[PDB]
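Undergrad: Quick one: the structure is below, questions incoming.
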Amino acid sequence: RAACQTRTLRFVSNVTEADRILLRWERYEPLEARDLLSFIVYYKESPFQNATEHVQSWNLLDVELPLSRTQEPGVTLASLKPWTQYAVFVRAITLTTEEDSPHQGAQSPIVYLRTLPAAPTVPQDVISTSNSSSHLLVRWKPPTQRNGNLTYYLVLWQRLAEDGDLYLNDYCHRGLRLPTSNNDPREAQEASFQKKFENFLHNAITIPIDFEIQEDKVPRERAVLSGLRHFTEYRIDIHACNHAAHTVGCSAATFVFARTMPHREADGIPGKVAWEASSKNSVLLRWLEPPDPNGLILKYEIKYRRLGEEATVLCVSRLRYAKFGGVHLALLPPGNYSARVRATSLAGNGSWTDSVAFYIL
Amino acid sequence: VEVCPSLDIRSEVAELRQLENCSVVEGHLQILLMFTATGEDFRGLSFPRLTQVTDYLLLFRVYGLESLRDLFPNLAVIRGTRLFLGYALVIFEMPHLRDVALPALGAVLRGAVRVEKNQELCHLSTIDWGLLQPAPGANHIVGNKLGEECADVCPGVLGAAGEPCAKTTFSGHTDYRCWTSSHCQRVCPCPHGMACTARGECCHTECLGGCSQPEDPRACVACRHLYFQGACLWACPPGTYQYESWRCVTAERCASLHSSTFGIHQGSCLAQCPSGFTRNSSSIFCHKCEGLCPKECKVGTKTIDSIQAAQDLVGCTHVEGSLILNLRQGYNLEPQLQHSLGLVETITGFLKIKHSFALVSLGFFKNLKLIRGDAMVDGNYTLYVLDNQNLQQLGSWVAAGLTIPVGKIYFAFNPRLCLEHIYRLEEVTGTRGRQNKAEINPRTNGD
């Protein structure tokens, strides 16, 4: 019926795409008469260059040869993962009803074709921590789909300015929860939501080209960022890359937000606290703001007390402090008074300064 | 004032320029994936003319954008005719975003709100969604900045920007309601869904979002029920019909808007008539179907290789083209292929079946009645069954049901197809002498 002496079919043209493979081979016209034949193409994903024909594991594909003199048969394999090796070979069928006629089957050598690479998947499991006030340590995992030969990771970190609402407020009333640095130890609708927002990112590419983005390239799956400001938040974008100068580019970012450790003594008050009393029992105390605090200064707490009795505290906002450059203390019994001042920043409480002593008569 | 169909914007702030003259988006507005965007590009960009989005609003990874208070300073109503998985407003993974800030937002007619994974975004507990949505319990607002980690400063409260505004109750909390530190939410005394103005007196009932004069339908900024000729109406005038669930159009206008499958059943000019109704060429109104919808499907030469490749034809009755079945790797495909193919009643072109090793029988063409043969296989063939290793029944679309006007048939290499079935097909087709030997001849089919 079939499977007679076997001929050889040569591939005349191969085209590789990101997820397609176009193939052509010479037109094997049968040594026959008003008969019929067609080809069947076997292709399977084989990482290595060892594979066995005829056998399932393979994926079959029928191709009827066109009825003309030009346009060699050709096929277009589709839905192929990028940067994968595929073993392909074609085989003629040439089923005939002739009584006495050679069958003369034909097939082709197994040929391995590699499809073009594309941008890889976003990095997975990005974690970050701070070991000091000017360093950030970042770790992650390789992308799920490398889509090529992994070469490096593009790391970008951008400084984040504090929101303006902290600047205008009175934090003596309605206090808020202060932020902290980083100390990480370095359902159908939900699935559809994540699937849609992953298909959104599948078409996203990145060209490997108070706010200033600075670039870095890292070979391993870990990075250290140095020279940062103290107690300032940073946004970190991490893209996986491969041969991407001509490819569609690098991956999409996997940004995380990390804050550096507070500076230990950035909230200290410079110089010494001066004063200038008034004849109406009211006294005025002056002190200059810290130049570079941890984020910003929320309030000033001043502790004053008469010589001998208990202590009294007073909270002052930025607005009240800046309205006159200091603090007024009125309606007090005459005597010798001692005062200490502290600054409160986003990191937390500051350090008490030296005592200032004055008199009221 | 402007049509402005649904628009997706990506990858460039320049692409955001297609809303210059837009007034009402008759669709969904998407802004996403703007990696190379800074806080300077979005500072000088504003679209004050946009005042309504019919479908929904989505924002996804727009870098540099800090607030929507400048992008859409006059956006008022989100109709929510269709939803992004039930959400009319989605804001996801937005770096640098600090507040939602839609200061002119009047209502979200239908759909929930999803504001997730914006690490720098707060001012979300200072807004009551009860004065915006009718069912605020479906909102999904998690993953943002910690609620107690930022000061949701409203223009009133403590020493702030200035004049305060009213406070309501949303989830058992009586606190100030505000959008940003300067703009704060708008309320006014009258029953729900009654838009008001600067004077505080709320406008006509049909108004929505806002107005300019009270108790004047022509002065509304957004029509609650229907819109026509700069006025808000409970229903369209008798000479017009609804369109996109939001405006009134004449018959010829909505006929031109879809230029063949449109219909005006139940006073609503849709794009495809619903189930149970259809129209072909008469006056455009989806009258009730007799017993089934004669869906017509046009394909050039639809090669079929699997059930998934055949699910396209689901529900088709008249096929304008040819079918080329080739099912080799399947197993017991008859019940699966009956659902897809089997409502077909006429094939204008040819029918070919090659190398179908998985097809035990051709019984999934039960309603097939005619194969005219307009598209005709080379060699003067219309029915071309070739190389079917196990094909026994050849279906039941026989006994005077079948009719092939032109073109011959061709059966070859069907060992298990007994010649009795082929000869019965020849008899019921009414054309037996059309073919000749070696086209049906044994030693190939019928062993």
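Every chain in the structure tokens has a letter given in the order shown (A, B, ...), and although residue numbers restart at 1 in each chain, ligands are simply numbered from 1 in the order shown.
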Contacts from chain B to chain A, 9 Å maximum, only C-alpha atoms: show me the residue list as a tab-separated table (two decimals) with N, CA and C atoms, in the first residue's frame.
TA:
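Output contents, as saved in selection10.tsv:
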chain	number	residue	atom	x	y	z
B	11	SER	N	1.82	54.95	26.47
B	11	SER	CA	3.23	55.06	26.10
B	11	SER	C	3.70	56.47	25.78
B	32	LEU	N	-2.92	54.16	30.20
B	32	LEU	CA	-2.09	53.15	30.85
B	32	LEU	C	-0.71	53.09	30.21
B	33	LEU	N	0.24	52.60	31.00
B	33	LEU	CA	1.58	52.25	30.54
B	33	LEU	C	2.30	53.45	29.93
B	35	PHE	N	5.62	54.91	30.76
B	35	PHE	CA	6.85	54.81	31.54
B	35	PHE	C	7.66	56.10	31.50
B	60	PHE	N	-3.69	52.99	34.68
B	60	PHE	CA	-2.81	51.87	35.02
B	60	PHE	C	-1.37	52.23	34.69
B	84	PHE	N	-15.65	47.21	33.62
B	84	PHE	CA	-14.40	46.45	33.58
B	84	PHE	C	-14.47	45.44	34.72
B	85	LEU	N	-15.07	44.29	34.45
B	85	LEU	CA	-15.29	43.25	35.46
B	85	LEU	C	-16.06	43.80	36.66
B	95	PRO	N	2.35	54.95	40.38
B	95	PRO	CA	3.38	55.69	41.11
B	95	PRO	C	3.14	57.18	41.03
B	96	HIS	N	3.60	57.89	42.05
B	96	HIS	CA	3.55	59.34	42.18
B	96	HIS	C	2.13	59.88	42.36
B	98	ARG	N	-1.02	60.99	44.24
B	98	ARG	CA	-1.21	61.42	45.62
B	98	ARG	C	-2.66	61.54	46.04
B	119	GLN	N	0.97	52.99	46.18
B	119	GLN	CA	1.68	53.09	47.45
B	119	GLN	C	1.82	54.53	47.94
B	120	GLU	N	1.68	55.52	47.07
B	120	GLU	CA	1.82	56.91	47.46
B	120	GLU	C	0.48	57.64	47.51
B	148	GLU	N	-3.67	55.53	58.48
B	148	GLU	CA	-3.21	56.38	59.57
B	148	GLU	C	-1.82	56.96	59.33
B	149	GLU	N	-1.17	56.63	58.21
B	149	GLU	CA	0.18	57.10	57.95
B	149	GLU	C	0.22	58.45	57.24
B	150	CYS	N	-0.92	58.97	56.78
B	150	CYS	CA	-0.95	60.28	56.15
B	150	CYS	C	-2.05	61.11	56.79
B	151	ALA	N	-1.88	62.43	56.73
B	151	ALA	CA	-2.86	63.36	57.27
B	151	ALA	C	-3.85	63.72	56.17
B	152	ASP	N	-5.05	63.15	56.25
B	152	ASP	CA	-6.11	63.47	55.29
B	152	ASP	C	-6.67	64.83	55.65
B	153	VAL	N	-5.90	65.87	55.31
B	153	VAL	CA	-6.24	67.23	55.69
B	153	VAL	C	-7.33	67.75	54.77
B	158	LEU	N	-8.46	71.57	61.44
B	158	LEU	CA	-7.54	72.44	62.17
B	158	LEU	C	-7.05	73.56	61.27
B	159	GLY	N	-5.99	74.26	61.67
B	159	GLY	CA	-5.46	75.32	60.83
B	159	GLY	C	-5.09	74.82	59.45
B	160	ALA	N	-5.88	75.21	58.46
B	160	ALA	CA	-5.78	74.69	57.10
B	160	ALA	C	-5.93	75.83	56.09
B	161	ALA	N	-6.19	75.45	54.84
B	161	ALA	CA	-6.23	76.40	53.73
B	161	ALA	C	-7.29	77.48	53.91
B	181	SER	N	-6.47	68.73	49.71
B	181	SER	CA	-6.32	69.71	50.78
B	181	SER	C	-7.02	71.02	50.46
B	305	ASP	N	-9.36	22.04	12.01
B	305	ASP	CA	-8.40	21.07	12.51
B	305	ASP	C	-8.69	20.58	13.92
B	326	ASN	N	-10.54	18.44	8.64
B	326	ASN	CA	-9.34	17.62	8.77
B	326	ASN	C	-9.12	17.44	10.27
B	328	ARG	N	-7.63	14.80	12.81
B	328	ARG	CA	-6.81	13.60	12.90
B	328	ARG	C	-6.43	13.21	14.32
B	329	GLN	N	-6.16	14.18	15.19
B	329	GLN	CA	-5.67	13.89	16.52
B	329	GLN	C	-6.77	13.78	17.57
B	355	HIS	N	-8.36	13.12	5.51
B	355	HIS	CA	-7.49	12.56	6.53
B	355	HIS	C	-8.08	12.70	7.93
B	378	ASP	N	-11.23	22.22	-7.52
B	378	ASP	CA	-10.61	22.00	-8.82
B	378	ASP	C	-10.77	20.54	-9.24
B	387	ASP	N	-9.55	9.72	2.10
B	387	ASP	CA	-8.62	9.18	3.09
B	387	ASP	C	-9.16	9.29	4.51
B	413	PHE	N	-10.69	6.19	-0.82
B	413	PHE	CA	-9.93	5.72	0.33
B	413	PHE	C	-10.71	5.90	1.64
B	443	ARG	N	-12.29	-0.84	-4.23
B	443	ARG	CA	-10.90	-1.13	-3.93
B	443	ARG	C	-10.24	0.03	-3.20
B	444	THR	N	-10.94	1.15	-3.02
B	444	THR	CA	-10.47	2.24	-2.17
B	444	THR	C	-11.40	2.48	-1.00
Undergrad: Could you give me the residues within segment 253-337 of chain B that DSSP places in strand (DSSP E), as a list in words?
TA: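 After running DSSP on the backbone, segment 253-337 of chain B has strand (DSSP E) at residues 277, 278, 287, 288, 296, 297, 298, 299, 300, 301, 302, 303, 304, 318, 319, 320, 321, 322, 323, 324 and 325 of chain B.
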Undergrad: Set the distance at 10 Å and use only C-alpha atoms: which residues neighbour segment 55-57 of chain B once local chain neighbours fewer than 3 positions away are removed? I'd like the list as a list in words.
TA: residues 6, 25, 26, 27, 28, 29, 30, 31, 52, 77, 78, 79, 80, 81, 82, 83, 84, 86, 87, 88, 89, 90, 91, 108, 110, 111, 113 and 244 of chain B
Undergrad: If you keep N, CA and C atoms, can you produce a file of those selected residues as a compact mmCIF listing (two decimals), in the first residue's frame?
TA:
# COMPACT_ATOMS: atom_id res chain seq x y z
N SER B 6 -14.76 55.42 22.25
CA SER B 6 -13.89 54.91 23.30
C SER B 6 -12.44 54.96 22.87
N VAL B 25 -17.18 61.04 26.16
CA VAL B 25 -16.62 59.79 25.65
C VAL B 25 -17.76 58.77 25.56
N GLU B 26 -18.15 58.42 24.34
CA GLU B 26 -19.20 57.43 24.13
C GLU B 26 -18.61 56.03 24.21
N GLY B 27 -17.91 55.75 25.30
CA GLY B 27 -17.20 54.49 25.44
C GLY B 27 -16.35 54.52 26.69
N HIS B 28 -15.35 53.65 26.73
CA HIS B 28 -14.46 53.54 27.87
C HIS B 28 -13.16 54.30 27.62
N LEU B 29 -12.68 54.98 28.65
CA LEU B 29 -11.45 55.76 28.58
C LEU B 29 -10.37 55.02 29.35
N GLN B 30 -9.28 54.67 28.66
CA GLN B 30 -8.16 53.98 29.27
C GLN B 30 -6.90 54.82 29.12
N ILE B 31 -6.18 55.02 30.21
CA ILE B 31 -4.85 55.62 30.17
C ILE B 31 -3.91 54.70 30.91
N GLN B 52 -18.06 63.80 30.69
CA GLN B 52 -18.83 62.58 30.85
C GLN B 52 -18.11 61.43 30.19
N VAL B 77 -19.94 62.75 35.29
CA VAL B 77 -20.73 61.53 35.39
C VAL B 77 -20.00 60.39 34.69
N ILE B 78 -19.98 59.23 35.33
CA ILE B 78 -19.54 57.99 34.70
C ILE B 78 -20.77 57.11 34.57
N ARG B 79 -21.30 56.99 33.35
CA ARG B 79 -22.56 56.29 33.15
C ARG B 79 -22.46 54.82 33.54
N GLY B 80 -21.35 54.18 33.20
CA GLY B 80 -21.20 52.77 33.51
C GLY B 80 -22.14 51.84 32.76
N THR B 81 -22.31 52.05 31.46
CA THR B 81 -23.16 51.15 30.68
C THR B 81 -22.57 49.74 30.64
N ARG B 82 -21.27 49.63 30.43
CA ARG B 82 -20.55 48.37 30.61
C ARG B 82 -19.41 48.61 31.58
N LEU B 83 -18.94 47.55 32.21
CA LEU B 83 -17.99 47.67 33.29
C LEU B 83 -16.77 46.80 33.04
N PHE B 84 -15.65 47.21 33.62
CA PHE B 84 -14.40 46.45 33.58
C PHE B 84 -14.47 45.44 34.72
N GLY B 86 -17.09 44.59 36.38
CA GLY B 86 -17.95 45.12 37.42
C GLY B 86 -17.51 46.44 38.02
N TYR B 87 -16.40 47.01 37.55
CA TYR B 87 -15.87 48.26 38.09
C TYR B 87 -15.99 49.36 37.05
N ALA B 88 -16.55 50.50 37.46
CA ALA B 88 -16.65 51.66 36.59
C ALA B 88 -15.45 52.58 36.69
N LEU B 89 -14.62 52.42 37.72
CA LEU B 89 -13.47 53.29 37.94
C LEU B 89 -12.35 52.44 38.53
N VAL B 90 -11.28 52.25 37.77
CA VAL B 90 -10.15 51.43 38.19
C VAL B 90 -8.89 52.27 38.16
N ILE B 91 -8.15 52.28 39.26
CA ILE B 91 -6.87 52.96 39.37
C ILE B 91 -5.90 51.96 39.98
N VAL B 108 -21.57 58.08 39.95
CA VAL B 108 -21.18 56.88 39.22
C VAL B 108 -22.45 56.04 39.12
N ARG B 110 -23.51 53.30 37.66
CA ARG B 110 -23.51 51.86 37.83
C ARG B 110 -22.08 51.36 37.90
N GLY B 111 -21.81 50.48 38.86
CA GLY B 111 -20.50 49.87 38.96
C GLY B 111 -19.76 50.22 40.23
N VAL B 113 -15.94 50.64 42.48
CA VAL B 113 -14.70 51.40 42.34
C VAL B 113 -13.57 50.54 42.88
N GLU B 244 -26.96 53.91 22.79
CA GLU B 244 -25.91 53.75 23.80
C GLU B 244 -26.44 53.97 25.21
Undergrad: Just want the 7 Å neighbourhood of residue 18 of chain A, counted on only C-alpha atoms, with same-chain residues fewer than 6 positions away dropped. Output as an NGL selection string.
TA: :A and (82 or 115-118)
Undergrad: Could you take the residues named above and write them with N, CA, C and O atoms, as a PDB file, in the first residue's frame?
TA:
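Result file follows (result.pdb):
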ATOM      1  N   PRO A  82       8.842  31.923  22.470  1.00  0.00           N
ATOM      2  CA  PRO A  82      10.068  32.550  21.971  1.00  0.00           C
ATOM      3  C   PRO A  82      11.318  31.862  22.492  1.00  0.00           C
ATOM      4  O   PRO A  82      11.342  31.319  23.598  1.00  0.00           O
ATOM      5  N   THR A 115      13.505  29.857  17.226  1.00  0.00           N
ATOM      6  CA  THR A 115      12.712  31.053  17.002  1.00  0.00           C
ATOM      7  C   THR A 115      13.358  32.267  17.668  1.00  0.00           C
ATOM      8  O   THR A 115      14.204  32.149  18.556  1.00  0.00           O
ATOM      9  N   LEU A 116      12.949  33.449  17.215  1.00  0.00           N
ATOM     10  CA  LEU A 116      13.556  34.689  17.667  1.00  0.00           C
ATOM     11  C   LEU A 116      13.215  34.961  19.132  1.00  0.00           C
ATOM     12  O   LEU A 116      12.196  34.487  19.637  1.00  0.00           O
ATOM     13  N   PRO A 117      14.053  35.716  19.838  1.00  0.00           N
ATOM     14  CA  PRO A 117      13.767  36.046  21.235  1.00  0.00           C
ATOM     15  C   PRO A 117      12.909  37.294  21.369  1.00  0.00           C
ATOM     16  O   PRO A 117      12.837  38.138  20.476  1.00  0.00           O
ATOM     17  N   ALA A 118      12.261  37.400  22.525  1.00  0.00           N
ATOM     18  CA  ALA A 118      11.437  38.548  22.872  1.00  0.00           C
ATOM     19  C   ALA A 118      11.800  39.001  24.279  1.00  0.00           C
ATOM     20  O   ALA A 118      12.614  38.374  24.961  1.00  0.00           O
TER      21      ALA A 118
END
Undergrad: Which distance in Å separates atom CA of residue 347 of chain A and atom CA of residue 305 of chain A, to one decimal?
TA: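 The value is 27.2 Å.
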Undergrad: For residue 104 of chain B, list every protein, DNA or RNA residue within 9 Å, evaluated using only C-alpha atoms, and leave out those in the same chain fewer than 3 positions away; present the list as an NGL selection string.
TA: :B and (51 or 72-77 or 101 or 185-186 or 209-210)
Undergrad: Atom CA of residue 22 of chain A to atom CA of residue 77 of chain A: how many Å, to one decimal?
TA: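 Separation between atom CA of residue 22 of chain A and atom CA of residue 77 of chain A: 6.4 Å.
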Undergrad: Do a neighbour search on residue 318 of chain A at 7 Å with only C-alpha atoms, toss out local chain neighbours closer than 3 positions, and write the hits as number ranges by chain.
TA: A: 298-299, 321-322
Undergrad: With only C-alpha atoms as the counted atoms, please give the residues lying no more than 8 Å from residue 44 of chain A, apart from itself and same-chain residues fewer than 2 positions off, as number ranges by chain.
TA: A: 42, 46, 57-59, 86-88
Undergrad: Which of these, B:433, B:216, B:234, B:226, has the shortest distance to residue 248 of chain B once you count only C-alpha atoms?
TA: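 Of B:433, B:216, B:234, B:226, the one nearest residue 248 of chain B, counting only C-alpha atoms, is B:226.
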Undergrad: Give me, please, the distance in Å between atom CA of residue 301 of chain A and atom CA of residue 313 of chain A, quoted to one decimal.
TA: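 Calculated distance between atom CA of residue 301 of chain A and atom CA of residue 313 of chain A is 6.8 Å.
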